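Peer 1: Structure provided below as structure tokens; questions to follow.
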Protein chains: 2
Amino acid sequence: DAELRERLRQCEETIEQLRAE
Amino acid sequence: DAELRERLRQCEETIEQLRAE
């Protein structure tokens, strides 16, 4: 389940950054 | 992992919307 979990983690980080911008 | 995959799709849609905006 490493792949899906890391994909979701990266998506959450990118969403955070995009919302800040 | 079906819930994981649909959450991944939700995050993909969210990031797409954020990039467009």
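Ligands are numbered from 1 in the order shown, residues from 1 within each chain, and chains are lettered A, B, ... in the order they appear in the structure tokens.
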Please, which residues in chain A fall within 9 Å of chain B when counting only C-alpha atoms, and what is the closest atom pair and distance in Å to one decimal for each, ordered by chain then residue number, as a Markdown table?
Peer 2:
| residue | atom | partner | partner_atom | distance |
| --- | --- | --- | --- | --- |
| A:1 | CA | B:1 | CA | 8.0 |
| A:4 | CA | B:4 | CA | 6.9 |
| A:5 | CA | B:4 | CA | 8.0 |
| A:7 | CA | B:8 | CA | 7.4 |
| A:8 | CA | B:8 | CA | 5.9 |
| A:11 | CA | B:11 | CA | 6.2 |
| A:12 | CA | B:11 | CA | 7.3 |
| A:14 | CA | B:15 | CA | 7.4 |
| A:15 | CA | B:15 | CA | 5.8 |
| A:18 | CA | B:18 | CA | 6.4 |
| A:19 | CA | B:18 | CA | 7.2 |
Peer 1: Please give chain A as a PDB file with N, CA and C atoms, in the first residue's frame, after it has been superposed on chain B by least squares over all Cα atoms paired in order.
Peer 2:
ATOM      1  N   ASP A   1      -9.306  -1.796  -2.062  1.00  0.00           N
ATOM      2  CA  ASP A   1      -8.469  -0.668  -2.447  1.00  0.00           C
ATOM      3  C   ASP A   1      -9.317   0.471  -3.008  1.00  0.00           C
ATOM      4  N   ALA A   2     -10.640   0.338  -2.888  1.00  0.00           N
ATOM      5  CA  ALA A   2     -11.540   1.353  -3.428  1.00  0.00           C
ATOM      6  C   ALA A   2     -11.352   2.693  -2.729  1.00  0.00           C
ATOM      7  N   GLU A   3     -11.216   2.678  -1.401  1.00  0.00           N
ATOM      8  CA  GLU A   3     -11.140   3.926  -0.650  1.00  0.00           C
ATOM      9  C   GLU A   3      -9.930   4.751  -1.069  1.00  0.00           C
ATOM     10  N   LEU A   4      -8.743   4.142  -1.061  1.00  0.00           N
ATOM     11  CA  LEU A   4      -7.540   4.893  -1.407  1.00  0.00           C
ATOM     12  C   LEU A   4      -7.587   5.369  -2.853  1.00  0.00           C
ATOM     13  N   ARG A   5      -8.053   4.513  -3.764  1.00  0.00           N
ATOM     14  CA  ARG A   5      -8.104   4.898  -5.168  1.00  0.00           C
ATOM     15  C   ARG A   5      -9.044   6.078  -5.382  1.00  0.00           C
ATOM     16  N   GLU A   6     -10.217   6.058  -4.743  1.00  0.00           N
ATOM     17  CA  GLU A   6     -11.149   7.170  -4.908  1.00  0.00           C
ATOM     18  C   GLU A   6     -10.613   8.434  -4.249  1.00  0.00           C
ATOM     19  N   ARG A   7      -9.950   8.297  -3.099  1.00  0.00           N
ATOM     20  CA  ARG A   7      -9.340   9.461  -2.469  1.00  0.00           C
ATOM     21  C   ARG A   7      -8.322  10.100  -3.404  1.00  0.00           C
ATOM     22  N   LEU A   8      -7.465   9.279  -4.014  1.00  0.00           N
ATOM     23  CA  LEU A   8      -6.459   9.806  -4.931  1.00  0.00           C
ATOM     24  C   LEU A   8      -7.104  10.431  -6.161  1.00  0.00           C
ATOM     25  N   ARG A   9      -8.155   9.804  -6.690  1.00  0.00           N
ATOM     26  CA  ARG A   9      -8.841  10.366  -7.849  1.00  0.00           C
ATOM     27  C   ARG A   9      -9.408  11.743  -7.527  1.00  0.00           C
ATOM     28  N   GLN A  10     -10.088  11.859  -6.386  1.00  0.00           N
ATOM     29  CA  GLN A  10     -10.657  13.143  -5.996  1.00  0.00           C
ATOM     30  C   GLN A  10      -9.562  14.172  -5.762  1.00  0.00           C
ATOM     31  N   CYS A  11      -8.451  13.755  -5.153  1.00  0.00           N
ATOM     32  CA  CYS A  11      -7.342  14.677  -4.949  1.00  0.00           C
ATOM     33  C   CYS A  11      -6.802  15.184  -6.278  1.00  0.00           C
ATOM     34  N   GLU A  12      -6.660  14.294  -7.262  1.00  0.00           N
ATOM     35  CA  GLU A  12      -6.173  14.715  -8.571  1.00  0.00           C
ATOM     36  C   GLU A  12      -7.133  15.702  -9.221  1.00  0.00           C
ATOM     37  N   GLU A  13      -8.434  15.424  -9.148  1.00  0.00           N
ATOM     38  CA  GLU A  13      -9.410  16.348  -9.721  1.00  0.00           C
ATOM     39  C   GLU A  13      -9.328  17.714  -9.051  1.00  0.00           C
ATOM     40  N   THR A  14      -9.251  17.729  -7.719  1.00  0.00           N
ATOM     41  CA  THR A  14      -9.194  18.995  -7.001  1.00  0.00           C
ATOM     42  C   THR A  14      -7.906  19.745  -7.311  1.00  0.00           C
ATOM     43  N   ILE A  15      -6.794  19.025  -7.465  1.00  0.00           N
ATOM     44  CA  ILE A  15      -5.541  19.670  -7.847  1.00  0.00           C
ATOM     45  C   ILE A  15      -5.673  20.299  -9.225  1.00  0.00           C
ATOM     46  N   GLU A  16      -6.302  19.589 -10.161  1.00  0.00           N
ATOM     47  CA  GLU A  16      -6.531  20.156 -11.487  1.00  0.00           C
ATOM     48  C   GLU A  16      -7.305  21.463 -11.386  1.00  0.00           C
ATOM     49  N   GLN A  17      -8.414  21.442 -10.646  1.00  0.00           N
ATOM     50  CA  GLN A  17      -9.243  22.637 -10.532  1.00  0.00           C
ATOM     51  C   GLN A  17      -8.481  23.778  -9.866  1.00  0.00           C
ATOM     52  N   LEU A  18      -7.737  23.475  -8.800  1.00  0.00           N
ATOM     53  CA  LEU A  18      -7.000  24.517  -8.097  1.00  0.00           C
ATOM     54  C   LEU A  18      -5.911  25.110  -8.976  1.00  0.00           C
ATOM     55  N   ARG A  19      -5.234  24.282  -9.772  1.00  0.00           N
ATOM     56  CA  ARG A  19      -4.224  24.815 -10.678  1.00  0.00           C
ATOM     57  C   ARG A  19      -4.857  25.720 -11.724  1.00  0.00           C
ATOM     58  N   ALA A  20      -6.022  25.335 -12.249  1.00  0.00           N
ATOM     59  CA  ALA A  20      -6.707  26.207 -13.202  1.00  0.00           C
ATOM     60  C   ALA A  20      -7.043  27.551 -12.564  1.00  0.00           C
ATOM     61  N   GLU A  21      -7.601  27.518 -11.353  1.00  0.00           N
ATOM     62  CA  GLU A  21      -7.953  28.761 -10.673  1.00  0.00           C
ATOM     63  C   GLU A  21      -6.716  29.606 -10.396  1.00  0.00           C
TER      64      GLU A  21
END
